[PDB]
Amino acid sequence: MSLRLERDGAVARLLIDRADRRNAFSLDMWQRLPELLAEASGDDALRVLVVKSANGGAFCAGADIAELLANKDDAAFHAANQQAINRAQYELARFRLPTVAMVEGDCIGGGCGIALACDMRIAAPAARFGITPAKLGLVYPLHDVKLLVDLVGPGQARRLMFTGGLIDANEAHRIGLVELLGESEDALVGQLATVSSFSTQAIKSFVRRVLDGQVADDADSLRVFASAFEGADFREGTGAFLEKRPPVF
């Protein structure tokens, strides 16, 4: 399959495997993505989801161009495609566990949307980023405009979206589009896999609350904080600390 899930204990990988079209997404792939997220989310052992190319190279060149051109006069297709992309983007960005995009090549348009929906991004030296709807007279979904502005601010967001020009790995790192430069996700994934999954999931939800406009602590966020002390992970943390050993979460 051109989009598949691999589950390897604490780590799952969402793999994009369509090298002959530079990992371009078709409508069926967009529709499939939420199903794979649901499969991954149902695994209690999972600690981190990695999104990456199955074969290195391009991360995702964006829209399937043959599909775009074949359906350029098809209103039903455009509506279905809009909904599928928006669903996929919405769900990926709110996946319960930490998510990492490993970008080793071109990450364009809808591909950039996928990367933006992950919690953090690692860029290898060949990585390139761009958002190109202005080159076809199209718009970017507001959900994804917000993901972009959240990371790089409105100046860089407009620079990228108005021009549709590509930027390289170092510039993406400089402007905050990617958090890390590196050849592999292994080191980061190792760190993410060993911490408390109670903590990561709760903190992830707090960050989302802040991004959705929450300004101060309220009764619920105070309760979530306090609930940690009743949890098994806190008991493992304190027990491990007393025994001078690493906690095993």
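Residue indices: 1-based, along the sequence shown.
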Look over 48-56 and 205-213 in the entry and identify the one with the greater average Cα temperature factor.
-> 48-56
Comparing 31-39 with 60-68, which stretch shows the greater average C-alpha B-factor in the deposited entry?
-> 60-68
Candidate set 123, 75, 148, 120 [ranked by C-alpha B-factor, highest] | 75
Chain thirds of CA B-factor: placement of residue 188 | middle
Modelled-residue ranking by C-alpha temperature factor, third containing residue 112 | highest
Quick one: classify residue 232 as lowest, middle or highest third of the chain based on its Cα B-factor.
-> middle
Sorting the chain's modelled residues by C-alpha B-factor, tell me whether residue 240 ends up in the lowest, middle or highest third.
-> middle
